[PDB]
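Heads up, the thing below is written out as structure tokens.
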Amino acid sequence: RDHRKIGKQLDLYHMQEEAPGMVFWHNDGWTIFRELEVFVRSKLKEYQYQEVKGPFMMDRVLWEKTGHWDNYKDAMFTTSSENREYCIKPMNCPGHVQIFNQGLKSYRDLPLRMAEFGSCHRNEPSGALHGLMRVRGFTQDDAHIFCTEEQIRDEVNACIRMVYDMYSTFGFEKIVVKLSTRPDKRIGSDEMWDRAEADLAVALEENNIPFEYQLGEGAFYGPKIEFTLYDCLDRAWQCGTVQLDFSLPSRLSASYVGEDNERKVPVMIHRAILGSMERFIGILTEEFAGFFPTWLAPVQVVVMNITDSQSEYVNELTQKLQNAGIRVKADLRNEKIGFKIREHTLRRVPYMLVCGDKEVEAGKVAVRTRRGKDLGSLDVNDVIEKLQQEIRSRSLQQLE
Amino acid sequence: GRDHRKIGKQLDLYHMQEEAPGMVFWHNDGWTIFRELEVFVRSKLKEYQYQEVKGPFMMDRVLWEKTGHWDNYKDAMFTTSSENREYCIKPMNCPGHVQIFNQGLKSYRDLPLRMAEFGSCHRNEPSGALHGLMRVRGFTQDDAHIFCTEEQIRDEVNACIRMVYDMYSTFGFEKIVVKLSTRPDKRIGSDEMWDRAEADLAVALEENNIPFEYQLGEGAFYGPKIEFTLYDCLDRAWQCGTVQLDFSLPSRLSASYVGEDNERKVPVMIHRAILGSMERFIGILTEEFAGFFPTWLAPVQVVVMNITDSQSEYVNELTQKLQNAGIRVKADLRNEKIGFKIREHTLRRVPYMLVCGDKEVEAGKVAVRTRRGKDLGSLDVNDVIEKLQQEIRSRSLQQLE
Ligand SMILES: C[C@@H](O)[C@H](N)C(=O)N[C@@H](CNC(=O)CCn1cnc2cc(Br)c(Cl)cc2c1=O)c1cccc(-c2ccccc2)c1
Ligand SMILES: C[C@@H](O)[C@H](N)C(=O)N[C@@H](CNC(=O)CCn1cnc2cc(Br)c(Cl)cc2c1=O)c1cccc(-c2ccccc2)c1
Ligand SMILES: [Zn+2]
Ligand SMILES: [Zn+2]
């Protein structure tokens with residue numbers, strides 16, 4: 001269950017000293033990444049999020065207005081052109097505010113939910129880098145909700161539901177929840193923090209989620225909820241964050257025309273659920289020990305003949321699976337069926353569809369799992385229908 | 001007028017600002033177009049048997065010095081530093097593709113190896129020269145590098161040419177000008193290697209019956225090239241596609257494979273992009289169609305609306321059915337005149353406006369209006385869904401008539 005070992009074995013990715021903590025995604029690795037993106041996109045649609053894409057770099061002057069420069073400039077990559085200094089984006093929030101600030105906004109536009117697969121770069125110490133877990137370049141399943149003070153509870157409620165919804169897909173049901181309260185140094189009144197902490201608390205209560213306080217660990221600019229999932233080894237992974245922000249919109253001149261016709265500053269909610277896509281792929285690799293659920297598998301089905309005699313039946317079946325939208329390969333090599341099964345088992349291919357004379361003659365196929373189980377000979381169309389359902393449902397469980 | 005800048009703002013596709021010169025903020029509807037263009041390219045990558053990879057955003061100046069690009073183009077590169085080490089923000093994807101190729105033992109059986117990437121490139125271009133989506137600092141290349149043997153070059157150039165015209169024809173671009181650039185004075189390799197390389201490009205074009213003009217002496221140091229310039233409906237020239245042979249970079253970056261003789265051999269590299277800059281191509285398409293995108297590219301493909309509050313449930317039902325069919329659809333149940341609603345969706349360039357009166361609800365039908373203003377009449381819901389699915393899946397340039 002070492003993602004670095006499994007990563008090399010299944011040709012998913014590699015790292016080099018020429019680019020510390022920045023992943024070279026190979027074909028099969030990039031297939032997993034993209035299917036994870038497709039999955040998160042389906043949830044973005046289901047929870048009424050926009051999806052945007054921001055530039056990689058923006059003027060340091062803009063980043064100075066955020067307050068991040070003074071506190072995190074040493075963790076930021078910088079580059080200059082024509083006597084102007086640009087920061088390579090470590091976060092997507094300022095970029096999202098720039099898009100919000102294009103066009104006059106009304107209370108009618110709120111809540112405005114803006115998601116991005118945000119490419120972030122952090123100048124992390126090289127010596128502390130570790131595989132996909134501790135990197136310099138990562139992709140955040142990021143979103144910023146612009147909303148009224150009155151909309152916070154409902155919007156945080158929806159974030160909590162989305163968190164549990166997405167973790168459950170991967171078989172993560174043990175979640176530890178922590179609400180971080182007002183720190184010693186903070187902006188706004190004690191009243192603002194009372195209401196803000198209460199909003200996070202009520203949202204968790206509305207979802208029947210038990211939690212505990214991290215007293216005084218809240219950010220300068222608002223309280224947060226943190227979600228720690230536990231893998232099958234009972235190891236803790238902090239992935240999910242919901243962070244209230246009463247600072248950044250004001251700092252970056254974000255406003256909307258209220259129902260009272262007065263100009264108002266929107267509340268900002270930061271949330272990531274997976275956190276780092278790269279890290280989450282790392283966690284899944286170790287969770288499944290490379291046995292990715294069928295919907296995530298680089299190659300989902302290998303169709304294979306026992307002898308040369310079934311080659312054309314394999315070709316027809318491989319085309320049928322291709323047409324069904326399944327990631328399929330034909331193994332037509334002049335090798336023992338045992339040799340083929342062993343190789344594709346080692347490559348963690350969910351299903352091996354074996355075609356002998358008996359299968360061809362009956363219009364059936366013999367189904368073998370990477371777990372070494374023989375499901376027997378089944379109707380081709382019934383198997384294809386079943387594989388499609390398992391893939392569409394993003395099921396953790398293989399055919400019975 | 002068909003200014004991509006004007007349409008980009010009007011349809012909420014993108015914006016650019018002084019704090020990020022020549023770099024694009026893609027808004028929801030613009031990012032929808034970008035992603036559909038990506039889906040299209042990926043369909044071709046599968047058909048033409050390409051792998052798809054993702055490389056790091058930055059790599060050590062030391063490696064960029066090995067390529068030779070540093071000496072020639074250091075001023076056009078963005079650089080950043082960490083722990084007394086200088087890094088270049090990648091202006092090209094080729095060195096990264098070699099890095100992935102160099103991982104794992106390669107044999108002649110692995111060739112041709114076709115490696116594609118939607119490659120984030122950055123060029124430190126003069127800020128005064130930037131304009132719209134056409135000249136930018138940050139762009140995305142529909143890039144690929146083919147690692148092949150000398151013998152495989154002609155066949156791989158042939159497939160590249162077919163892919164180029166396949167993609168350009170999808171968008172209705174049939175006027176393509178082609179230029180073959182031959183050996184310069186300072187070049188690598190034998191006169192014989194250049195003889196074979198130039199012939200491979202020429203014969204590939206001739207066999208495809210592609211008229212081309214030679215650009216004698218204008219080829220690169222490291223090999224000859226074909227360039228494809230497409231013309232829009234205003235007869236403006238856009239150089240988008242390149243097929244560039246490279247007998248230099250694989251050697252420079254220690255690329256090798258085990259030949260059939262079990263001896264180490266340097267692979268030939270083919271650089272190829274078809275759209276060129278994805279951002280620029282979207283700009284070209286925005287102007288070509290004047291924001292009237294073909295249905296498959298349209299941010300919102302269908303709007304379903306009611307005549308009274310009686311049909312509001314039937315509209316919601318039809319809206320869900322269209323969504324399940326894989327169509328980008330929205331319901332408009334607002335208390336506004338039908339003439340007001342249809343004008344808003346026509347201005348937003350929605351291909352199809354589906355209207356539900358009592359006659360439509362009763363018959364299980366829907367009235368279909370095109371954004372051009374053609375009334376196709378009251379048609380069977382399932383007939384309409386299947387017609388829309390076919391138009392989208394075929395990526396048809398034309399709407400139902
Ligand atoms: C959800 C986003 O919209 C939000 N902007 C954000 O990135 N929040 C952080 C957690 N928040 C913080 O970490 C705040 C403190 N902090 C820390 N390091 C920084 C480093 C830089 Br270079 C800059 Cl500019 C700011 C900060 C900063 O504010 C966050 C939330 C969830 C997962 C992860 C994460 C987990 C594992 C790997 C990578 C990232 C990070
Ligand atoms: C297809 C890729 O695999 C290949 N690497 C590549 O990018 N080729 C260039 C055309 N090639 C050249 O232009 C070669 C000369 N050149 C010029 N400027 C550079 C600037 C830098 Br900063 C560096 Cl590092 C290298 C070069 C370089 O080699 C190419 C090909 C097709 C469209 C476009 C393009 C068209 C419009 C906008 C943006 C890009 C560019
Ligand atoms: Zn944020
Ligand atoms: Zn290249």
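We label chains A, B, ... in the order they appear in the structure tokens, count residues from 1 in each chain, and number ligands from 1 in the order shown.
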**Message:** Distance cut-off 6 Å, counting only C-alpha atoms - which residues of chain B neighbour chain A? Return them as a PyMOL selection string.
**Reply:** chain B and resi 19-20+23-28+31+51-56+59-60+79-80
Just to be explicit: take each residue in the selection above, keep C-alpha atoms, and write the result as a PDB file, in the first residue's frame.
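So result-v7.pdb came out as:
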ATOM      1  CA  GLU B  19      -3.148  42.603 -13.614  1.00  0.00           C
ATOM      2  CA  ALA B  20      -2.598  39.536 -15.934  1.00  0.00           C
ATOM      3  CA  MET B  23      -3.837  35.658 -19.866  1.00  0.00           C
ATOM      4  CA  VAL B  24      -7.513  34.601 -20.008  1.00  0.00           C
ATOM      5  CA  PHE B  25     -10.154  34.255 -17.252  1.00  0.00           C
ATOM      6  CA  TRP B  26     -12.617  31.674 -18.690  1.00  0.00           C
ATOM      7  CA  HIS B  27     -16.173  32.339 -17.359  1.00  0.00           C
ATOM      8  CA  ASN B  28     -18.718  29.448 -17.025  1.00  0.00           C
ATOM      9  CA  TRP B  31     -15.087  27.261 -20.194  1.00  0.00           C
ATOM     10  CA  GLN B  51      -1.626   8.598 -25.462  1.00  0.00           C
ATOM     11  CA  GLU B  52      -2.574  11.691 -23.352  1.00  0.00           C
ATOM     12  CA  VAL B  53      -0.150  12.884 -20.589  1.00  0.00           C
ATOM     13  CA  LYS B  54       0.285  15.962 -18.306  1.00  0.00           C
ATOM     14  CA  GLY B  55       3.751  17.489 -17.643  1.00  0.00           C
ATOM     15  CA  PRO B  56       4.962  19.844 -14.861  1.00  0.00           C
ATOM     16  CA  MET B  59      11.465  22.582 -15.040  1.00  0.00           C
ATOM     17  CA  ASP B  60      15.138  23.401 -14.203  1.00  0.00           C
ATOM     18  CA  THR B  79      11.747  32.213 -14.972  1.00  0.00           C
ATOM     19  CA  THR B  80      11.234  31.618 -11.190  1.00  0.00           C
TER      20      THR B  80
END
**Request:** Enumerate as an NGL selection string the residues within 7 Å of ligand 2, counting only C-alpha atoms and all ligand atoms.
**Result:** :B and (69-70 or 73-74 or 76-77 or 91-94 or 123 or 135 or 139 or 141 or 143-145 or 239-242 or 271-274 or 276-277 or 280)
**Prompt:** What lies within 6 Å of region 251-259 of chain B using only C-alpha atoms, ignoring chain neighbours under 2 positions off, as a ChimeraX atom specification?
**Reply:** /B:102,106-108,248-249,261-266
Would you mind exporting the chosen residues as a short mmCIF file (atom, residue, chain, number, x, y, z; two decimals), in the first residue's frame, restricted to C-alpha atoms?
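As written to disk, again02.cif reads:
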data_model
loop_
_atom_site.label_atom_id
_atom_site.label_comp_id
_atom_site.auth_asym_id
_atom_site.auth_seq_id
_atom_site.Cartn_x
_atom_site.Cartn_y
_atom_site.Cartn_z
CA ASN B 102 12.96 8.38 -21.02
CA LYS B 106 11.72 1.52 -24.79
CA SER B 107 12.03 -0.96 -27.75
CA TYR B 108 11.27 -0.68 -31.53
CA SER B 248 18.22 17.05 -32.70
CA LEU B 249 16.17 17.16 -29.41
CA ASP B 261 19.33 -5.65 -33.62
CA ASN B 262 19.32 -5.15 -29.76
CA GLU B 263 21.54 -1.99 -30.26
CA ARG B 264 20.53 1.45 -28.77
CA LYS B 265 19.03 3.87 -31.40
CA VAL B 266 17.93 7.58 -31.13
#
**Asked** If you run DSSP on this backbone, which residues of region 76-318 of chain A come out as strand (DSSP E), and could you give them as a count of residues only?
**Response** 75
**Request:** Check which residues fall inside 6 Å of ligand 3 when counting only C-alpha atoms and all ligand atoms, and print them as a list in words.
**Result:**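 Selection of residues at most 6 Å from ligand 3: residues 92, 93 and 270 of chain A.
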Atoms kept (N, CA, C and O atoms) for selection, written as a short mmCIF file (atom, residue, chain, number, x, y, z; two decimals), in the first residue's frame:
data_model
loop_
_atom_site.label_atom_id
_atom_site.label_comp_id
_atom_site.auth_asym_id
_atom_site.auth_seq_id
_atom_site.Cartn_x
_atom_site.Cartn_y
_atom_site.Cartn_z
N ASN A 92 -6.84 30.06 -5.67
CA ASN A 92 -7.73 30.43 -6.79
C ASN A 92 -8.68 31.57 -6.39
O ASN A 92 -9.32 32.12 -7.31
N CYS A 93 -8.76 31.90 -5.09
CA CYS A 93 -9.77 32.84 -4.52
C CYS A 93 -9.67 34.20 -5.22
O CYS A 93 -10.67 34.70 -5.74
N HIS A 270 -14.95 29.65 1.17
CA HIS A 270 -13.96 28.75 0.51
C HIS A 270 -14.35 27.32 0.87
O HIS A 270 -14.62 27.07 2.05
#
**Request:** Considering only C-alpha atoms, state which residue in the set A:34, A:113, A:340, A:370 is at the smallest distance from residue 292 (chain A).
**Result:** A:370
